[PDB]
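A.B. asks: got a structure for you, letters missing:
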């Protein structure tokens, strides 16, 4: 259960421990913050996809070639962000341990708080 640095469009930056393949939902619950969805998600996520900021997406996309089957995966990708690769609901992962990336949702906050 590493930590991920979420940067905001205003220049701010939030800090909240993320999980493996777990969405921000798991955080909204721990932070007892007004969330919307009520989706427990999952408790056991392994060998999940990868999700990195949109600044690295262009790098990993050019560093890795896509085959007839790979490139086809994009044609099926619907609703996913341009920052999430081989994903579905954009779920963070420990893979970003000690790395800075942009949050999946469109939320933002700068005020410091000591959640439970």
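C.D. replies: Here it is on my side, so go on. Residues are numbered from 1 along each chain as shown.

A.B. asks: does the residue lying farthest from the centre of the chain sit in a helix, a strand or a coil?
C.D. replies: Within the chain, the residue lying farthest from the chain centre (Cα atoms, centre = their mean) is residue 68, at 26.4 Å. Secondary structure state of residue 68, per DSSP: H, G, I helix; E, B strand; the rest coil, is coil.

A.B. asks: Then residue 28?
C.D. replies: Under three-state DSSP, residue 28 falls in the helix class.

A.B. asks: nearest residue to it other than its sequence neighbours?
C.D. replies: Distances taken as Cβ to Cβ, 6 or more residues apart in numbering place residue 35 nearest to residue 28, at 3.5 Å, with adjacent residues excluded. The way it works is simple: take the backbone N, C-alpha and C, and place the C-beta from them, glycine included.

A.B. asks: Please report the distance of that neighbour from residue 113.
C.D. replies: Applying Cβ to Cβ, to the nearest Å, the value for residue 35 to residue 113 is 15 Å.

A.B. asks: which residues does residue 101 form a beta bridge with?
C.D. replies: Residue 101 has the following beta-bridge partners by DSSP bridges: residue 6.

A.B. asks: That one and residue 13 touch, don't they?
C.D. replies: No. Between residue 101 and residue 13 there is no contact under Cβ atoms under 8 Å: 11.1 Å.

A.B. asks: still on that earlier bit, looking at residue 35 and residue 113, which one has more neighbours?
C.D. replies: Set residue 35 next to residue 113 and count neighbours by other Cβ atoms under 10 Å: residue 35 wins out with 15 against 8.

A.B. asks: Please list all residues in contact with the residue most central in space within the chain.
C.D. replies: With distances taken as Cα atoms, centre = their mean, residue 92 lies nearest the centre of the chain, 3.5 Å away. By Cβ atoms under 8 Å, 6 or more residues apart in numbering, the contact set of residue 92 is 4, 18, 19, 21, 22, 23, 24, 51, 104.

A.B. asks: Let me have these in a markdown table, adding distance to residue 62 and secondary structure as columns.
C.D. replies: A markdown table is the format used below for the contacts of residue 92 (distance: Cβ to Cβ, whole Å; DSSP: H, G, I helix; E, B strand; the rest coil):
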| residue | distance to residue 62 | secondary structure |
| --- | --- | --- |
| 4 | 24 | strand |
| 18 | 26 | coil |
| 19 | 29 | coil |
| 21 | 25 | coil |
| 22 | 28 | coil |
| 23 | 27 | coil |
| 24 | 28 | coil |
| 51 | 18 | strand |
| 104 | 22 | coil |
